[PDB]
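Student: Below you'll find the structure I mean.
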Ligand SMILES: Oc1ccc(SSc2ccc(O)cc2O)c(O)c1
Ligand SMILES: OSc1ccc(O)cc1O
Ligand SMILES: [Zn+2]
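Numbering (the deposited numbering), first residue to last: 4 to 125, 127 to 261.
Right under this line is the structure:
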C-alpha cells in the first residue's frame, strides 16, 4: 500500500522495503562539477528500429508503455554496458508544477518530468530474473522541460483519457520510442536502483544530459491521470517522484567533456 501521499510516501517506504536505506539507492543529485569524464566508456548504441509496443497501463503509480521483449527488437548496448539490454517498458515521473517532477536532479535542478526507458540484460533470460542481479537492468533517463511541444510524445498524451484510473489498460501498438529522444546521447552513468518499491539495486543508470522539451498542454494531460481506481475518491496522479538519495560510496561518470 505504498504511494506518494504523506501517509504512504517515500519517507515511509523503508518500513516495508528496508533496502530503501541501502548503499546504491536512486535517484541521486548529479553534481556536474564532481562527475568525471571517463574516456574508457564506449559509444552508446540505442537500436529501436524494430520496437514493438503492445499496450499502455495505468498501474496506480505511473503509466507504462509495454513492449514485446521476446526477441532483440529494441535494444540498448555500449556505453558502460556489457552485452545486450532489451527494452521492456517506459514510464514517466512528473510534478504538480513545472518546477518539480524529475527524480534525478542536476546541480540540484529539478525538471518538470523524467522518462525512464527500462531495459533488461539478456544474459538473465527474462526481466524477473534480471532484477535479482546487480547488473540486471539499464534504465535510460531523459529529463523533460516545458517549452515547445514534442511531436513524438503526442500519441501517448492522446491515449491517456482511456486509462485515467488504476488498473485500466489500452492497446498501444506501433509506437516509435525514437521520438522521445533528444539530439545528443551525452550522458552520466552510475550504479543504482529502481526509484519505486521494491527499490531493487539492479540498475545501471544512464541519464542523458540534454532534456527534451514538451509543451505545457502535454504535461497538463499527465496531471489529469488518477492514482485511484474507478469508483474511488479521485486523487490526481502528480508528484510521483522520489527525492534524491545519498550517493554514498559511488561515483558518477560522464561520457563527455
Ligand atoms: O515480457 C514482458 C512482461 C511484461 C511486460 S509489461 S511492461 C512491465 C515490465 C516491468 C514492470 O515492472 C511493469 C511493467 O508494466 C512486457 O511488456 C513484456
Ligand atoms: O525508475 S523507477 C522504475 C520502476 C520499474 C522499473 O522496471 C524500472 C524503473 O527504473
Ligand atoms: Zn521510473
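Heads up, the beta-carbon is just placed ideally off N, CA and C, and yes, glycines get one too.
So which of 14, 211, 236 has the shortest CA-CA distance to residue 194?
Tutor: 211
Student: Would you check whether ligand 2 has a heavy atom nearer than 7 Å to the C-beta of residue 118?
Tutor: No, the beta carbon of residue 118 sits no closer than 7 Å to any heavy atom of ligand 2.
Student: Which same chain residues end up closer than 7 Å to residue 218 when comparing Cβ atoms and leaving out the 5 residues on each side of it in sequence?
Tutor: 148, 150, 153, 154, 157
Student: If you run the structure through DSSP and keep just helix, strand and coil, what is residue 220?
Tutor: helix
Student: Quick one: what does DSSP say residue 125 is sitting in, helix, strand or coil?
Tutor: helix
Student: State the Cα-Cα distance for the pair residue 37 and residue 165, rounded to the nearest angstrom.
Tutor: 43 Å
Student: Do residue 184 and ligand 2 come close, with the Cβ less than 7 Å from some heavy atom?
Tutor: no
Student: If I measure Cβ to Cβ from residue 40 and keep anything under 6 Å in the same chain, skipping five residues before and after, which residues do I get?
Tutor: 258, 261
Student: Please list the terminal residues of the continuous alpha helix (DSSP H) segment that includes residue 133.
Tutor: 131-134
Student: Spatial neighbours of residue 20 within its chain, please: C-beta separation below 7 Å, excluding the five flanking residues on both sides.
Tutor: The answer, listed in chain order, is 201, 202, 203.
Student: From the DSSP output, in three-state form, read off residue 210 for me.
Tutor: strand
Student: Kindly give me the distance between the Cβ atoms of residue 88 and residue 54, rounded to whole angstroms, as I take these residues to be in contact under 8 Å.
Tutor: With a Cβ gap of about 13 Å, residue 88 and residue 54 do not count as contacting.
Student: What is the DSSP secondary structure of residue 94, counted as helix, strand or coil?
Tutor: strand
Student: Is it the case that the CB of residue 92 approaches a heavy atom of ligand 1 more closely than 7 Å?
Tutor: yes
Student: Taking buried to mean at least 16 other C-beta atoms within 10 Å of its own C-beta, is residue 238 buried or exposed?
Tutor: exposed
Student: If we count the other Cβ atoms within 10 Å of its Cβ and call it buried at 16 or more, is residue 90 buried or exposed?
Tutor: buried
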